[PDB]
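**Q** Sending over a structure as C-alpha cells; questions will come in a sec.
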Amino acid sequence: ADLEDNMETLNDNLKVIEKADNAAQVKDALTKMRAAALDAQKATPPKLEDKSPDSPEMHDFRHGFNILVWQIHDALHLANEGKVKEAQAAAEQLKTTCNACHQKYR
Amino acid sequence: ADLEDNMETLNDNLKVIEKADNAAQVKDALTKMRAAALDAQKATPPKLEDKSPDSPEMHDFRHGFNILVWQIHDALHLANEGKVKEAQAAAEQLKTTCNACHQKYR
Amino acid sequence: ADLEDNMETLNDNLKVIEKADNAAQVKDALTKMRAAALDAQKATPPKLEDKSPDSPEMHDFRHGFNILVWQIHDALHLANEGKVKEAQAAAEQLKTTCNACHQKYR
Ligand code: HEC
Ligand code: HEC
Ligand code: HEC
Ligand SMILES: [Ca+2]
Ligand SMILES: [Ca+2]
Ligand SMILES: [Ca+2]
Ligand SMILES: [Ca+2]
Ligand SMILES: [Ca+2]
Ligand SMILES: [Ca+2]
Ligand SMILES: [Ca+2]
Ligand SMILES: [Ca+2]
Ligand SMILES: [Ca+2]
Ligand SMILES: [Cu+2]
C-alpha cells in the first residue's frame with residue numbers, strides 16, 4: 001500500500017481497538033496496524049520529496065515508525081494474553097507517537 | 001556470516017521446523033532464523049552491486065527482512081507458549097516473504 | 001536524548017537489572033533500555049563524524065542496535081512471564097553486544 005492508505009489503516013484500526021469487546025478483535029486490529037506501520041516505513045512523505053533521499057529528516061521519519069512498531073508490539077502481547085483493557089489503553093497512548101511525527105512532517 | 005550462509009540458514013531451519021516434534025526444537029530453529037535474517041539485512045545482494053549503496057531497491061531489500069523478522073517473532077512466541085502446530089504453520093507461511101523478495105533481487 | 005545519555009541509560013539499567021528482586025523491577029529497567037537503544041540508533045557516533053552520513057560503518061553502527069533491541073526483547077518477555085533469574089541472565093549476556101560495537105566505534 002501507499003503512505004496514506006497506511007495512515008488510514010492506522011486510524012481506522014485505532015477506532016476499532018477503542019471499541020472492541022474481546023481479545024480477538026483487539027489482536028486483529030493491532031496486527032493490521034503493525035503491517036501498516038512497517039509498510040509505511042518505506043514511503044517518502046509529501047513534505048520531504050523536495051529534499052534528498054537520505055536527508056536526516058528522512059531518517060528521523062523512518063525512526064518514528066520503530067517507536068510506533070514497538071508500542072504496537074507491546075499492545076499486541078497484552079491482547080494475546082487477554083488483558084483487553086490494558087491492550088486498549090496501550091493502543092490509546094499511541095497517539096503521542098502518531099502526533100509527534102505528524103507535527104514534523106505531516 | 002555472509003549473505004548466502006544466512007540464506008542457507010533460513011532454509012535448513014525451515015525444514016527443521018517443519019519436521020520438529022516439541023516446542024524446544026521449533027524454538028531453537030526459529031531463534032537461528034531470526035539471527036540469520038538480521039545479519040542478512042546488512043548484506044548487499046549480487047543483483048544490486050552495480051547500483052548505488054542507497055538505491056531505493058537497496059532500501060526495498062532491507063525492508064523485506066523487517067517483514068520477515070516480524071513473522072519469525074510471532075512464530076517464535078507461539079513456540080514459547082507451546083502451540084507447536086501453530087508455530088509450525090506460521091513458519092511455513094514465511095515462504096511468501098522469502099519468495100516475494102526472491103523474484104525481485106535473487 | 002543524545003547518544004551518551006542513552007549509553008548511560010543502558011549502563012545504569014544494567015546494574016539495576018543485575019540487582020533487582022521482582023519481575024517488575026527487571027521489566028522496568030529493560031523497558032528503559034529498549035527506549036534508550038532505539039533512540040541511540042538515530043545518533044552519529046563521535047568516531048564517525050569525519051565520514052559520510054551513509055558510510056557502511058554508519059550502517060554497521062545502526063545494525064548493532066537491532067541485535068541489541070532484539071535481545072532486550074527476549075529478556076523483557078522472560079520478565080513479563082516472571083522468570084526473573086532467566087531475565088537477569090539474558091540482560092547480563094547483552095554485554096557481548098555492547099562491547100562488540102564498542103571496540104569498533106567507541
Ligand atoms: C511518521 C513517522 C508518522 C507516524 C508515526 C504516523 N504518521 Fe500519520 N502521517 C504521516 C505523514 C507524513 C502524513 C502525511 C502523508 C500524506 O499523504 O499527506 C500522515 C498522514 C496521516 C493521515 C491522513 C491520511 C490521508 O488520507 O491524508 C492519517 C489519518 C494519519 N496520518 C493517522 C495516523 C495514526 C492514527 C497514527 C498512529 C497510529 C499515525 N498516523 C502515525 C506520518 C506519520
Ligand atoms: C530479501 C529481502 C530476501 C528474503 C526476505 C529472503 N531471501 Fe533468500 N535470497 C535473497 C537474495 C538476494 C539471494 C541471492 C544471494 C546470492 O548469494 O545469490 C537469496 C538466496 C537464497 C538462497 C540461496 C543460497 C545460495 O547458496 O545461493 C536460499 C537457500 C534462500 N535465499 C532461502 C531463503 C529462505 C528459506 C527465506 C525465508 C525464510 C529467504 N531466503 C528470505 C534475498 C532474500
Ligand atoms: C553501537 C551499536 C553500540 C552499542 C550496541 C552499545 N554502545 Fe555504548 N557506545 C557506543 C559509542 C559509539 C559510544 C561512544 C559515544 C560517545 O559519546 O563517546 C558509546 C559509549 C558508551 C558509554 C559511555 C557514555 C559516556 O558518557 O561517554 C557507555 C556507559 C556505554 N556506551 C554503555 C553501553 C552499554 C551498557 C551497552 C549495552 C547494554 C551499550 N553501551 C551498547 C556504541 C554502542
Ligand atoms: Ca484520507
Ligand atoms: Ca465497546
Ligand atoms: Ca462494542
Ligand atoms: Ca548454497
Ligand atoms: Ca516430525
Ligand atoms: Ca520428526
Ligand atoms: Ca558519562
Ligand atoms: Ca538483589
Ligand atoms: Ca536487591
Ligand atoms: Cu514479542
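Just remember, in the C-alpha cells the first chain shown is A, the second B, etc., residues are 1-based per chain, and ligands are 1-based in the order shown.
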Produce as number ranges by chain the set of residues near ligand 1, where near means within 10 Å with only C-alpha atoms and all ligand atoms considered.
**A** A: 2-15, 30, 33-34, 36-37, 40-41, 43-48, 58-69, 71-72, 91-106
**Q** Please identify every polymer residue within 8 Å of ligand 13, using only C-alpha atoms and all ligand atoms, and present the set as an NGL selection string.
**A** (:A and (73-74 or 77)) or (:B and (73-74 or 77)) or (:C and (73-74 or 77))
**Q** Output the contact residues of chain A with respect to chain B at a cut-off of 9 Å, based on only C-alpha atoms, as a list in words.
**A**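 Filtering chain A at 9 Å from chain B with only C-alpha atoms gives residues 35, 38, 39, 41, 42, 53 and 54 of chain A.
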**Q** List the spatial neighbours of residue 87 (chain A) as a PyMOL selection string - criterion: any atom at most 7 Å away, only C-alpha atoms, same-chain residues fewer than 4 positions off excluded.
**A** chain A and resi 75-76+78-79+83+91
**Q** Please produce chain A as an mmCIF file with C-alpha atoms, in the first residue's frame once it has been superposed on chain C, the fit using all Cα atoms paired in sequence order.
**A**
```cif
data_model
loop_
_atom_site.group_PDB
_atom_site.id
_atom_site.type_symbol
_atom_site.label_atom_id
_atom_site.label_comp_id
_atom_site.auth_asym_id
_atom_site.auth_seq_id
_atom_site.Cartn_x
_atom_site.Cartn_y
_atom_site.Cartn_z
ATOM 1 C CA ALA A 1 18.111 12.132 24.362
ATOM 2 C CA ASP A 2 21.618 12.321 22.862
ATOM 3 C CA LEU A 3 23.989 9.399 22.320
ATOM 4 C CA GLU A 4 25.792 9.355 25.637
ATOM 5 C CA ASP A 5 22.696 9.981 27.794
ATOM 6 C CA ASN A 6 21.397 6.839 26.115
ATOM 7 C CA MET A 7 24.637 4.984 26.798
ATOM 8 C CA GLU A 8 24.435 5.994 30.469
ATOM 9 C CA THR A 9 20.862 4.731 30.436
ATOM 10 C CA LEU A 10 21.912 1.337 29.078
ATOM 11 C CA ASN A 11 24.589 1.104 31.762
ATOM 12 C CA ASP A 12 22.642 2.302 34.806
ATOM 13 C CA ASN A 13 19.796 -0.120 33.979
ATOM 14 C CA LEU A 14 22.238 -2.984 33.526
ATOM 15 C CA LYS A 15 23.285 -2.633 37.148
ATOM 16 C CA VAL A 16 19.654 -2.164 38.177
ATOM 17 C CA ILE A 17 18.690 -5.384 36.394
ATOM 18 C CA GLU A 18 21.539 -7.400 37.958
ATOM 19 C CA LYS A 19 20.454 -6.202 41.432
ATOM 20 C CA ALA A 20 16.665 -6.357 41.157
ATOM 21 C CA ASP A 21 14.472 -8.747 43.174
ATOM 22 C CA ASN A 22 10.966 -8.950 41.479
ATOM 23 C CA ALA A 23 9.782 -9.169 37.889
ATOM 24 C CA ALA A 24 8.518 -5.584 37.986
ATOM 25 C CA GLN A 25 11.948 -4.052 38.580
ATOM 26 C CA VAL A 26 13.616 -6.059 35.802
ATOM 27 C CA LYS A 27 10.677 -5.267 33.491
ATOM 28 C CA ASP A 28 11.020 -1.624 34.352
ATOM 29 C CA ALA A 29 14.738 -1.418 33.659
ATOM 30 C CA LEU A 30 14.593 -3.389 30.400
ATOM 31 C CA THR A 31 11.771 -1.190 29.114
ATOM 32 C CA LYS A 32 14.021 1.809 29.675
ATOM 33 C CA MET A 33 16.918 0.083 27.910
ATOM 34 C CA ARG A 34 14.747 -0.586 24.866
ATOM 35 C CA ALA A 35 13.724 3.054 24.501
ATOM 36 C CA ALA A 36 17.362 4.030 25.006
ATOM 37 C CA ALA A 37 18.662 1.594 22.401
ATOM 38 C CA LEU A 38 16.107 2.772 19.842
ATOM 39 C CA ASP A 39 16.843 6.445 20.463
ATOM 40 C CA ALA A 40 20.553 5.679 20.272
ATOM 41 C CA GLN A 41 20.024 4.189 16.793
ATOM 42 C CA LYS A 42 19.464 7.719 15.460
ATOM 43 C CA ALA A 43 22.736 9.284 16.639
ATOM 44 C CA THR A 44 26.043 9.611 14.821
ATOM 45 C CA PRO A 45 28.928 8.353 16.974
ATOM 46 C CA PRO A 46 31.981 10.638 17.535
ATOM 47 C CA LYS A 47 34.410 8.347 15.655
ATOM 48 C CA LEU A 48 32.239 8.643 12.531
ATOM 49 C CA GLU A 49 31.511 12.346 12.232
ATOM 50 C CA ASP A 50 34.555 12.623 9.843
ATOM 51 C CA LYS A 51 32.925 10.107 7.477
ATOM 52 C CA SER A 52 29.933 10.207 5.175
ATOM 53 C CA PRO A 53 26.407 10.023 6.668
ATOM 54 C CA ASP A 54 25.851 6.745 4.814
ATOM 55 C CA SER A 55 29.249 5.241 5.355
ATOM 56 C CA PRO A 56 28.947 1.440 5.506
ATOM 57 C CA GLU A 57 30.327 1.874 9.025
ATOM 58 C CA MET A 58 27.361 4.155 9.758
ATOM 59 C CA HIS A 59 25.114 1.298 8.620
ATOM 60 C CA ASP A 60 27.104 -1.241 10.643
ATOM 61 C CA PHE A 61 26.530 1.103 13.600
ATOM 62 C CA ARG A 62 22.742 1.067 13.233
ATOM 63 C CA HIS A 63 22.595 -2.671 12.678
ATOM 64 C CA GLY A 64 24.245 -3.179 16.063
ATOM 65 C CA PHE A 65 21.229 -1.804 17.888
ATOM 66 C CA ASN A 66 18.887 -4.246 16.114
ATOM 67 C CA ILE A 67 20.849 -7.124 17.641
ATOM 68 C CA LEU A 68 20.683 -5.258 20.944
ATOM 69 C CA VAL A 69 16.985 -4.326 20.739
ATOM 70 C CA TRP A 70 16.045 -7.906 19.875
ATOM 71 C CA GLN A 71 17.908 -9.295 22.863
ATOM 72 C CA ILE A 72 16.270 -6.793 25.231
ATOM 73 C CA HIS A 73 13.003 -8.019 23.715
ATOM 74 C CA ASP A 74 13.658 -11.634 24.713
ATOM 75 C CA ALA A 75 14.892 -10.558 28.139
ATOM 76 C CA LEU A 76 11.768 -8.422 28.592
ATOM 77 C CA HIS A 77 9.440 -11.310 27.766
ATOM 78 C CA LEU A 78 11.077 -13.583 30.337
ATOM 79 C CA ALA A 79 10.449 -10.771 32.808
ATOM 80 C CA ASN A 80 6.782 -10.414 31.743
ATOM 81 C CA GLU A 81 6.421 -14.139 32.446
ATOM 82 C CA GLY A 82 8.133 -13.814 35.798
ATOM 83 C CA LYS A 83 11.273 -15.865 35.134
ATOM 84 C CA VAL A 84 13.339 -13.247 36.933
ATOM 85 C CA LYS A 85 16.575 -15.242 37.096
ATOM 86 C CA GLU A 86 16.340 -16.075 33.365
ATOM 87 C CA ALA A 87 15.625 -12.426 32.541
ATOM 88 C CA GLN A 88 18.583 -11.389 34.687
ATOM 89 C CA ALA A 89 20.829 -13.824 32.834
ATOM 90 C CA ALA A 90 19.680 -12.571 29.415
ATOM 91 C CA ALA A 91 20.384 -8.974 30.390
ATOM 92 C CA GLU A 92 23.818 -9.986 31.603
ATOM 93 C CA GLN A 93 24.702 -11.582 28.273
ATOM 94 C CA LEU A 94 23.981 -8.286 26.472
ATOM 95 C CA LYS A 95 27.466 -7.011 27.208
ATOM 96 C CA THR A 96 28.749 -9.090 24.289
ATOM 97 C CA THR A 97 26.664 -6.885 22.006
ATOM 98 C CA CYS A 98 27.588 -3.661 23.822
ATOM 99 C CA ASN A 99 31.289 -4.444 23.607
ATOM 100 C CA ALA A 100 31.269 -5.769 20.069
ATOM 101 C CA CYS A 101 30.124 -2.355 18.813
ATOM 102 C CA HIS A 102 32.297 -0.625 21.421
ATOM 103 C CA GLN A 103 35.644 -1.813 20.132
ATOM 104 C CA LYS A 104 34.610 -0.767 16.581
ATOM 105 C CA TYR A 105 33.298 2.781 17.080
ATOM 106 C CA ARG A 106 33.640 3.717 20.765
#
```
**Q** Let's see if you can do this: from backbone DSSP, list all helix (DSSP H, G or I) residues in chain C, as number ranges by chain.
**A** C: 3-19, 23-42, 46-48, 56-81, 84-92, 95-105
